[PDB]
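First, one chain by itself in structure tokens, the form deposited in one PDB entry.
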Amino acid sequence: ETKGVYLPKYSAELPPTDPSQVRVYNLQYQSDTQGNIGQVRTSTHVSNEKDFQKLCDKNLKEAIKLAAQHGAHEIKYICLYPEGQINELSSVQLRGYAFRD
């Protein structure tokens, strides 16, 4: 199960959009966060390394859902993976920034 929060940067609320309309980019530069309308963080527990990219996709699905609910047409994101031995507290995390377009 995938937890998720959306943190709006502005109190102005935009009309919701559909998840299929959200364009998706890898967050690469510090300058990439400029102009965002909010942040999104999602997380899923992981017990096997073979599931990293699937769990990142699960994280991204929840992040797109939250961003679309707040009207964003774009997300730039990175998945964070557990460092070292995987245990009962390990999770694949996602940190993203939502954009009006």
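Under this definition, the rigid core comprises the largest set of C-alpha atoms superposing within 1.5 Å between the forms. Each residue number is its position in the shown sequence, starting from 1. Residues that one form lacks are left out of the comparison.
Same protein, other form: the form deposited in another entry, not shown, and the subject of what follows.
*asked:* Is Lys50 displaced by at least 2 Å at its C-alpha between this form and the one not shown when the rigid core is overlaid?
replied: Shift of 2 Å or more: yes.
_Core fit, then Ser20 C-alpha moves 2 Å or more between this form and the one not shown_ = It does not, since the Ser20 C-alpha is displaced less than 2 Å between this form and the one not shown after the core fit.
_Yes/no, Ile86 Cα shift of 2 Å or more between this form and the one not shown with rigid core fixed_ = Yes.
_Can you give me the runs of at least three consecutive residues whose Cα atoms all move 2 Å or more between this form and the one not shown, with the core used for the fit?_
The segments that shift (3 or more residues, C-alpha shift of 2 Å or more) are 47 to 50, 81 to 86.
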